[PDB]
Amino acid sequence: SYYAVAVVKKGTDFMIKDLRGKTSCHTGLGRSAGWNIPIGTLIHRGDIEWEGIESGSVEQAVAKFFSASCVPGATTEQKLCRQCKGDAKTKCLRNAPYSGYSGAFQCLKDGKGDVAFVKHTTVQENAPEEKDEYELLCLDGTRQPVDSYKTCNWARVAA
């Protein structure tokens, strides 16, 4: 099992209720911490307006919420590929540079997103000496340190 977390930089100040219009980094379309949990969570909060497949695709609803994102594997909305790093033609593929837990974290690090949807070991694995420059967005409207994932995660995931 792992925990799904939302990583942000200590320089910013927005909370979970303020995500509309920000830029986002995801591990890839359809993955647990990078898509299913965060998108699902926002739909239920009522922040992302989707009521059912008859109100469009999930992709279109997300592209209207974030100003732009990198979502490796996205199929219909080019806005979901706009922050992706790489060659014009392969940047948004499932195995592209900002794909995966590492690649999504690197997208936040390089300033291409305001938030990365990754898992609880991600920051320690990829930036152990810079852990203090990041924090997590909690469901209750606060921020907590990276090592506080147990009390600041969006869900526990089966894997």
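Residue indices: 1-based, along the sequence shown.
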*Comparing 90-98 with 107-115, which has the greater mean CA B-factor as deposited?*
90-98
*Using the B-factors recorded in the PDB entry, average over the C-alpha atoms of 51-59 and of 128-136, then report which stretch comes out higher.*
51-59
_Modelled-residue ranking by C-alpha temperature factor, third containing residue 70_ = lowest
*Among all modelled residues of this chain, ranked by Cα B factor, put residue 43 in the bottom, middle or top third, i.e. lowest, middle or highest.*
highest
*Where does residue 152 sit by CA temperature factor within its chain: lowest, middle or highest third?*
middle
